[PDB]
Amino acid sequence: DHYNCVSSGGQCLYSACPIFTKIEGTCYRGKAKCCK
């Protein structure tokens, strides 16, 4: 979720994760990606 994503270094993005990050979980009631 958003809390864990941001606390663990990531960012919540609805569509693509930018280059040199990868999808590691979700945010926003599972509608966005946590990119780390």
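Just so it is clear, chain A uses Swiss-Prot numbers, and the residues here are 33-68, in order.
Even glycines carry a Cβ here, placed using N, Cα and C.
Quick look at what Swiss-Prot annotates:
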type     : residues : note
DISULFID : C37-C66  : disulfide bond
DISULFID : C44-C59  : disulfide bond
DISULFID : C49-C67  : disulfide bond
Item to check | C59 (disulfide bond) CB neighbourhood, other CB atoms within 10 A | outcome: 21
Checklist entry - Including all protein chains shown, what's the count of other C-beta atoms within 10 A of the C-beta of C44 (disulfide bond)? => result 17
Next on the checklist: Using Cβ atoms only, which residues of the same chain lie under 8 Å from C67 (disulfide bond) while being at least 6 residues apart in sequence?
Outcome noted: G42, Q43, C44, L45, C49, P50, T53, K54, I55, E56
Checklist entry - Can you tell which of the disulfide-bonded residues (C37, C49, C66) has the fewest other C-beta atoms within 10 angstroms of its C-beta? => result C49
Next on the checklist: Helix, strand or coil for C59 (disulfide bond)? Use DSSP.
Outcome noted: strand
Checklist outcome for this item: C49 (disulfide bond) falls, by DSSP collapsed to helix, strand or coil, into coil
Item to check | Alpha-carbon distance [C59 (disulfide bond); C37 (disulfide bond)] in Å | outcome: 7
Checklist entry - Rounded to the nearest angstrom, how far is the Cα of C59 (disulfide bond) from the Cα of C66 (disulfide bond)? => result 6
Checklist outcome for this item: By a three-class reduction of DSSP, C37 (disulfide bond) is assigned helix
